[PDB]
Structure formats: C-alpha cells, structure tokens
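Data first, discussion second: the structure below is written as structure tokens.
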Amino acid sequence: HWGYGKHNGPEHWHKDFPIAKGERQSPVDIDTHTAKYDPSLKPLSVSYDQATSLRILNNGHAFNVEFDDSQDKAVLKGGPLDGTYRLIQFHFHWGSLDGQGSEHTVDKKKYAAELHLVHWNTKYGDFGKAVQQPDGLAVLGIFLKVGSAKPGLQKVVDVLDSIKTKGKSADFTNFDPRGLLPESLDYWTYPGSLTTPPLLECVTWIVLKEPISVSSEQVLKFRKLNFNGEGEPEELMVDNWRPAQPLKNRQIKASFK
Ligand SMILES: [Zn+2]
C-alpha cells in the first residue's frame, strides 16, 4: 500500500499508521544553532571488522544490504548507547535531483541521499522484539553529497542491475560497510522512529556530521532502480524519503563542540 507516489506518500501514512503523527517521529531537521554539546556522550564505537554481508534485496521502497546478525559480528556501541547493537542491514534514501533525497536535514539543507545502518539492541534477542522497545534500535545516519566517487560504494552500485525490481535479491557477500563511513565520527543524537511504516518509536538516532561524497554516476545508478515488480509498469525508485517531522518534546544533542 504506502509508498512515495502521488497518492500514497508520506502525507497519507497516518491513515494506516496513526503514530505517523506521534511524539517521536523521524526524520527531523537538525538545527545546528540549537543542538547543544553534551559532554556526557561517551565515545562512539563502530566495530565492523567481522561483518558478514549476505544478500541485497529490492523491497519495493529501497534496497537493503543484509548482514548475519546471529552473533556479535558488526556492532555499534558507545556514544549515547547503553549495551550492544548488532548491524542487521543498511539502506539508502535518495532523490530524483541532487538537491533532495535525504530524510534528516541540517539547518533545512537537504542532501542528495542518506545512508541508514540499522542495528538492534542485543538485550532484546531479535529485531522483531527490539522494534517494540523504545531503546530497541540504533540507526547510524550518514549524508551523501554528489562530488567525488566513493570507492567503497561501487560494489553496491554494480549489483543494482541484478535487483532492478521489487522482490529481487542477489547474493552479496564480503562487503565491507567501513567503506561507507566518513573520516569523522562526530554526531548528533536524538530519540525517534523508523522512517517507513510501521514508523515505530524505537530508534536512538546517531546522525554523523560529516557527509560522504558519491559521484554523479553512482547516484544515477540508484535512480535506475524500480519501485515496481518485474512485468509491471516502470516507476523509477527515486524520492524515497520522508520529510522532516515535528521535533516536539525532544532535544538534539551534539557529540562535538
Ligand atoms: Zn532508512
């Protein structure tokens, strides 16, 4: 049902998913003039050395690069987090134009795309249980701008032809998500939600300040994906982003001065 089209986009989601109008919805605009440095944040720890990618899937809204999350292979800890969060998948949101595509915004600026590395809190045993908890997930968000190519993204780009349409998957082993990180791990953090239905308010968001650069050709290949299934009318998978939601009774904290 829901999507990013003319008649089922974000402004409609509340009908089936009333938390869309909830108190802790994501994404949000990050106002760098009101986010306050929090000296209590602990150091943030990205431990991806043992990550095991498995597969890439076009799910009809984005594509997910999936990982083995049956052991502590690729974990996020530190920062605002208590305990250990295991990487389950990453995916992106992107635009039809280089001036839009991100979900979070920074002083109202939209980036060309946004990467979400999704992790679940191991204290809840599995992802499906974790999403029912306010501290169930930690999502590392990374902005993409168009400029230089990102060499560590090219393996993703090159497999997209094999998953053009909804429901297609491909083997995708030995991919290193460290190749998608910027140099700095400085971040903003706030409590929020999944940005797609069911929009559950289970996420500690960790949004990196430093964007990564991807080339025009890399983003153009994202924009060749399809929302539709094979044999259905072609609808390019573009503008698969939810706009900023009201901050309400939340504060955004910065890890850096
Ligand atoms: Zn996302």
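Simple scheme: letters A, B, ... for chains in structure tokens order, numbers from 1 for residues in each chain, numbers from 1 for ligands in the order shown.
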Sort by chain and increasing residue number a table of all residues of chain A within 6 Å of ligand 1, each with its closest pair of atoms and their distance in Å to one decimal, counting only C-alpha atoms and all ligand atoms, and write it as CSV.
```
residue,atom,partner,partner_atom_place_in_ligand_line,distance
A:92,CA,ligand 1,1 (Zn),6.0
A:116,CA,ligand 1,1 (Zn),5.0
A:195,CA,ligand 1,1 (Zn),5.9
```
Practice task
Give the alpha helix (DSSP H) residues of region 135-185 of chain A, as DSSP finds them on the backbone, and put them as a PyMOL selection string.
Solution key: chain A and resi 154-159
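The environment of region 227-234 of chain A within 9 Å, counting only C-alpha atoms and disregarding residues fewer than 4 places along the same chain, consists of residues 3, 58, 59, 60, 61, 62, 164, 165, 166, 167, 168 and 238 of chain A.
When only C-alpha atoms are used to compute distances to residue 98 (chain A), the closest of the residues A:205, A:124, A:4, A:222 turns out to be A:222.
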Members of region 24-170 of chain A assigned strand (DSSP E) by DSSP, as a tab-separated table (two decimals) with N, CA, C and O atoms, in the first residue's frame:
```
chain	number	residue	atom	x	y	z
A	29	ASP	N	14.56	17.97	11.23
A	29	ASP	CA	15.59	18.95	10.90
A	29	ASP	C	16.51	19.12	12.11
A	29	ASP	O	16.04	19.26	13.26
A	30	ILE	N	17.79	19.10	11.85
A	30	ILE	CA	18.84	19.30	12.85
A	30	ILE	C	19.25	20.75	12.76
A	30	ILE	O	19.93	21.16	11.83
A	36	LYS	N	22.74	21.16	21.37
A	36	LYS	CA	23.75	21.50	22.40
A	36	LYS	C	24.74	20.37	22.55
A	36	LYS	O	24.39	19.17	22.60
A	37	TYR	N	26.01	20.76	22.67
A	37	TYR	CA	27.04	19.84	23.02
A	37	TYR	C	26.77	19.19	24.34
A	37	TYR	O	26.45	19.88	25.33
A	44	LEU	N	31.92	7.09	20.69
A	44	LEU	CA	31.24	6.11	19.83
A	44	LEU	C	32.09	5.02	19.11
A	44	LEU	O	33.16	5.31	18.60
A	45	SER	N	31.65	3.78	19.09
A	45	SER	CA	32.44	2.62	18.75
A	45	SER	C	31.76	1.84	17.67
A	45	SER	O	30.69	1.23	17.90
A	46	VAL	N	32.33	1.86	16.48
A	46	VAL	CA	31.86	1.14	15.33
A	46	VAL	C	32.79	-0.03	15.11
A	46	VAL	O	34.00	0.19	14.85
A	47	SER	N	32.34	-1.26	15.30
A	47	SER	CA	33.16	-2.48	15.24
A	47	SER	C	32.63	-3.34	14.14
A	47	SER	O	31.81	-4.20	14.36
A	53	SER	N	28.23	-9.64	5.38
A	53	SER	CA	27.13	-9.36	4.49
A	53	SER	C	26.66	-10.64	3.84
A	53	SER	O	27.48	-11.54	3.60
A	54	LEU	N	25.40	-10.72	3.50
A	54	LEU	CA	24.83	-11.91	2.92
A	54	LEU	C	24.18	-11.67	1.53
A	54	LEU	O	24.34	-12.47	0.63
A	55	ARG	N	23.37	-10.62	1.44
A	55	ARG	CA	22.43	-10.52	0.33
A	55	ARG	C	22.03	-9.07	0.19
A	55	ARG	O	22.13	-8.29	1.14
A	56	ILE	N	21.56	-8.72	-1.00
A	56	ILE	CA	20.98	-7.41	-1.26
A	56	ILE	C	19.60	-7.66	-1.85
A	56	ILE	O	19.40	-8.52	-2.69
A	57	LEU	N	18.61	-6.88	-1.36
A	57	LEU	CA	17.21	-7.08	-1.70
A	57	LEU	C	16.56	-5.76	-2.09
A	57	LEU	O	16.65	-4.80	-1.33
A	58	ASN	N	15.86	-5.74	-3.22
A	58	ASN	CA	14.97	-4.62	-3.57
A	58	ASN	C	13.62	-4.95	-2.95
A	58	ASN	O	12.98	-5.91	-3.34
A	63	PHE	N	16.64	-0.56	-1.30
A	63	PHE	CA	17.30	-1.85	-1.27
A	63	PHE	C	18.04	-1.98	0.05
A	63	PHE	O	18.66	-1.05	0.56
A	64	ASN	N	17.98	-3.20	0.61
A	64	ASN	CA	18.69	-3.50	1.85
A	64	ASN	C	19.86	-4.41	1.57
A	64	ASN	O	19.70	-5.45	0.94
A	65	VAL	N	21.03	-4.02	2.10
A	65	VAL	CA	22.18	-4.93	2.20
A	65	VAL	C	22.12	-5.55	3.58
A	65	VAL	O	22.17	-4.85	4.58
A	66	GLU	N	21.90	-6.87	3.60
A	66	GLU	CA	21.62	-7.62	4.79
A	66	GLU	C	22.87	-8.30	5.34
A	66	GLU	O	23.70	-8.77	4.55
A	67	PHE	N	22.93	-8.41	6.67
A	67	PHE	CA	24.06	-8.99	7.37
A	67	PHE	C	23.61	-10.16	8.22
A	67	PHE	O	22.48	-10.25	8.69
A	75	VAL	N	29.03	-4.52	15.27
A	75	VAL	CA	28.27	-3.92	16.37
A	75	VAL	C	28.61	-2.45	16.51
A	75	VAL	O	29.73	-2.00	16.23
A	76	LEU	N	27.62	-1.74	17.02
A	76	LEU	CA	27.70	-0.37	17.43
A	76	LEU	C	27.52	-0.28	18.89
A	76	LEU	O	26.58	-0.89	19.45
A	77	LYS	N	28.39	0.48	19.56
A	77	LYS	CA	28.32	0.71	20.99
A	77	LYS	C	28.81	2.11	21.27
A	77	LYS	O	29.26	2.84	20.37
A	78	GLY	N	28.75	2.50	22.52
A	78	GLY	CA	29.22	3.82	22.89
A	78	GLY	C	28.31	4.91	22.42
A	78	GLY	O	27.11	4.71	22.21
A	85	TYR	N	24.64	-3.07	20.05
A	85	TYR	CA	23.64	-3.09	18.97
A	85	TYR	C	24.26	-3.74	17.75
A	85	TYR	O	25.30	-3.32	17.23
A	86	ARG	N	23.59	-4.74	17.21
A	86	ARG	CA	24.09	-5.53	16.09
A	86	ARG	C	23.54	-5.03	14.77
A	86	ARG	O	22.34	-4.82	14.62
A	87	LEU	N	24.45	-4.90	13.78
A	87	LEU	CA	24.06	-4.50	12.43
A	87	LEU	C	23.22	-5.59	11.78
A	87	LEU	O	23.66	-6.74	11.65
A	88	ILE	N	22.04	-5.22	11.29
A	88	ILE	CA	21.18	-6.13	10.56
A	88	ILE	C	21.13	-5.80	9.08
A	88	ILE	O	21.12	-6.71	8.24
A	89	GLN	N	21.09	-4.52	8.71
A	89	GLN	CA	21.03	-4.14	7.31
A	89	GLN	C	21.43	-2.67	7.18
A	89	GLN	O	21.33	-1.92	8.16
A	90	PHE	N	21.82	-2.28	5.98
A	90	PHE	CA	21.82	-0.88	5.65
A	90	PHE	C	21.04	-0.67	4.35
A	90	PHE	O	20.87	-1.56	3.54
A	91	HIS	N	20.59	0.57	4.19
A	91	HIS	CA	19.88	1.00	3.00
A	91	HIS	C	20.04	2.51	2.87
A	91	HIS	O	20.59	3.16	3.76
A	92	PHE	N	19.54	3.04	1.76
A	92	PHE	CA	19.63	4.46	1.47
A	92	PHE	C	18.23	5.01	1.15
A	92	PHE	O	17.31	4.28	0.78
A	93	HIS	N	18.16	6.34	1.23
A	93	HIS	CA	17.08	7.13	0.68
A	93	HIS	C	17.71	8.17	-0.24
A	93	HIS	O	18.78	8.69	0.10
A	94	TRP	N	17.11	8.44	-1.38
A	94	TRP	CA	17.72	9.35	-2.32
A	94	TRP	C	16.66	10.06	-3.16
A	94	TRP	O	15.48	9.73	-3.15
A	105	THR	N	17.57	16.72	7.70
A	105	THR	CA	18.11	17.93	7.10
A	105	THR	C	18.96	18.61	8.17
A	105	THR	O	18.81	18.35	9.35
A	106	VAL	N	19.85	19.50	7.71
A	106	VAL	CA	20.77	20.20	8.61
A	106	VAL	C	20.56	21.67	8.33
A	106	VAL	O	20.88	22.15	7.25
A	113	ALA	N	21.30	12.24	-0.67
A	113	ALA	CA	20.88	10.93	-0.21
A	113	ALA	C	21.28	10.80	1.25
A	113	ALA	O	21.99	11.63	1.81
A	114	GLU	N	20.83	9.69	1.86
A	114	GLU	CA	21.13	9.41	3.25
A	114	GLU	C	21.20	7.89	3.41
A	114	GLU	O	20.29	7.18	2.98
A	115	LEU	N	22.28	7.45	4.04
A	115	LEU	CA	22.55	6.05	4.35
A	115	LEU	C	22.11	5.79	5.80
A	115	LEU	O	22.46	6.55	6.70
A	116	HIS	N	21.39	4.68	5.99
A	116	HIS	CA	20.96	4.23	7.31
A	116	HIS	C	21.55	2.84	7.55
A	116	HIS	O	21.20	1.88	6.87
A	117	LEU	N	22.41	2.76	8.57
A	117	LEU	CA	22.95	1.48	9.06
A	117	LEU	C	22.12	1.13	10.31
A	117	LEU	O	22.17	1.85	11.31
A	118	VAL	N	21.34	0.07	10.20
A	118	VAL	CA	20.33	-0.27	11.20
A	118	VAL	C	20.86	-1.36	12.13
A	118	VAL	O	21.29	-2.41	11.65
A	119	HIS	N	20.77	-1.11	13.42
A	119	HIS	CA	21.29	-2.03	14.43
A	119	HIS	C	20.24	-2.27	15.49
A	119	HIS	O	19.48	-1.33	15.82
A	120	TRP	N	20.19	-3.48	16.07
A	120	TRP	CA	19.24	-3.77	17.14
A	120	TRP	C	19.95	-4.17	18.41
A	120	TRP	O	21.02	-4.77	18.43
A	121	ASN	N	19.29	-3.80	19.52
A	121	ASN	CA	19.86	-3.98	20.87
A	121	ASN	C	19.81	-5.45	21.27
A	121	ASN	O	18.73	-6.05	21.34
A	137	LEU	N	16.47	0.00	18.77
A	137	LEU	CA	17.31	0.15	17.60
A	137	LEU	C	18.25	1.31	17.77
A	137	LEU	O	17.95	2.29	18.46
A	138	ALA	N	19.38	1.24	17.05
A	138	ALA	CA	20.28	2.39	16.88
A	138	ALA	C	20.52	2.48	15.39
A	138	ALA	O	20.94	1.48	14.77
A	139	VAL	N	20.23	3.63	14.81
A	139	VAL	CA	20.45	3.83	13.39
A	139	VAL	C	21.52	4.88	13.23
A	139	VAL	O	21.39	5.99	13.74
A	140	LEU	N	22.58	4.50	12.52
A	140	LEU	CA	23.66	5.42	12.13
A	140	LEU	C	23.27	6.00	10.77
A	140	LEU	O	23.16	5.25	9.81
A	141	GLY	N	23.05	7.31	10.76
A	141	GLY	CA	22.69	8.01	9.53
A	141	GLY	C	23.87	8.80	9.01
A	141	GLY	O	24.56	9.49	9.77
A	142	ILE	N	24.07	8.70	7.70
A	142	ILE	CA	25.22	9.34	7.04
A	142	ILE	C	24.70	10.02	5.78
A	142	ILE	O	24.05	9.41	4.95
A	143	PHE	N	24.99	11.31	5.66
A	143	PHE	CA	24.56	12.07	4.49
A	143	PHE	C	25.48	11.78	3.30
A	143	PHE	O	26.67	11.57	3.48
A	144	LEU	N	24.89	11.84	2.10
A	144	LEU	CA	25.63	11.74	0.85
A	144	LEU	C	25.44	13.05	0.07
A	144	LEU	O	24.33	13.51	-0.12
A	145	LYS	N	26.59	13.57	-0.39
A	145	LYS	CA	26.59	14.67	-1.37
A	145	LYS	C	27.20	14.19	-2.64
A	145	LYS	O	27.97	13.22	-2.65
A	146	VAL	N	26.88	14.83	-3.76
A	146	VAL	CA	27.43	14.49	-5.06
A	146	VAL	C	28.69	15.25	-5.29
A	146	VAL	O	28.71	16.49	-5.27
A	169	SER	N	16.40	-10.31	-5.25
A	169	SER	CA	17.55	-10.33	-4.37
A	169	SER	C	18.75	-10.92	-5.12
A	169	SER	O	18.59	-11.62	-6.12
A	170	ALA	N	19.91	-10.67	-4.57
A	170	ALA	CA	21.16	-11.23	-5.11
A	170	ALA	C	22.09	-11.49	-3.98
A	170	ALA	O	22.15	-10.79	-2.98
```
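You can rank A:9, A:211, A:197, A:101 by their closest distance to residue 181 (chain A) using only C-alpha atoms, and at the top of that list sits A:211.
Our summary of the geometry notes that CA of residue 257 (chain A) is positioned 20.3 Å from CA of residue 191 (chain A).
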Problem - Selection near residue 109 (chain A), 9 Å with only C-alpha atoms, sequence-local residues under 6 positions removed, as an NGL selection string - result: :A and (29 or 99-100 or 102)
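Distances to residue 103 (chain A) were evaluated for A:193, A:26, A:50, A:71 using only C-alpha atoms, and the minimum falls at A:26.
Using only C-alpha atoms, the nearest neighbour of residue 224 (chain A) within the list A:194, A:72, A:178, A:236 is A:236.
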Problem - A:220, A:151, A:52, A:2 ranked by distance to residue 174 (chain A), top pick (using only C-alpha atoms) - result: A:52
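Within 12 Å of residue 38 (chain A), once only C-alpha atoms are used and residues closer than 4 positions along the same chain are dropped, the contacting residues are residues 42, 43, 79, 80, 186, 187, 188, 189, 190, 251, 252, 253, 254, 255, 256 and 257 of chain A.
When only C-alpha atoms are used to measure the gap to residue 68 (chain A), the shortest distance among A:18, A:48, A:12, A:147 belongs to A:48.
For the pair CA of residue 249 (chain A) and CA of residue 83 (chain A), the separation is 25.0 Å.
Between CA of residue 96 (chain A) and CA of residue 33 (chain A) the interatomic distance comes to 29.2 Å.
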